[PDB]
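These notes are about the structure you will find just below.
Quick reminder, even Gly has a Cβ in these numbers, built from the backbone with ideal geometry, and neighbours come from all protein chains shown. Readers should treat all values here as calculations from the given coordinates under stated rules, not as data from a laboratory.
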Amino acid sequence: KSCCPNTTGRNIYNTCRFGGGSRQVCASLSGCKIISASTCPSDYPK
């Protein structure tokens with residue numbers, strides 16, 4: 001999972017992922033937080 005601001009972020013992540021990106025790049029594209037588990041900090045887990 002990731003910590004996105006909202007369902008919109010998932011959009012950016014998708015545009016990137018499906019665009020030919022990665023996780024870090026995607027993260028920097030949606031501004032979400034890349035978690036290495038099934039949890040998430042106080043960084044809007046959306």
Q: Taking the Cβ of each residue in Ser38, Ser2, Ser30 as the centre, tally the other Cβ atoms inside 10 Å and list the residues starting with the fewest.
A: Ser38, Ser2, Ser30
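So what is the calculated 222 nm ellipticity per residue for the chain, using -39500 (n - 2.57) for each DSSP H run with n of 4 or more, over all residues, to the nearest 500 deg cm²/dmol? All intermediate terms of the calculation are to be shown ahead of the outcome.
On the way: 2 runs with 18 residues, N = 46.
-11000 deg cm²/dmol, from helical runs alone.
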Q | Gain upon complete extension [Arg10, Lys33; 0.36 nm per residue less C-alpha separation] | A | 7.1 nm
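Quote the relative contact order of the chain in percent (integer), defining contacts as alpha-carbon pairs under 8 Å separated by 6+ residues. Present the calculation step by step, with values, prior to reporting the outcome.
Values: 67 pairs, mean separation 27.1, N = 46.
Once divided by the residue count of the chain, the mean separation gives 59 percent.
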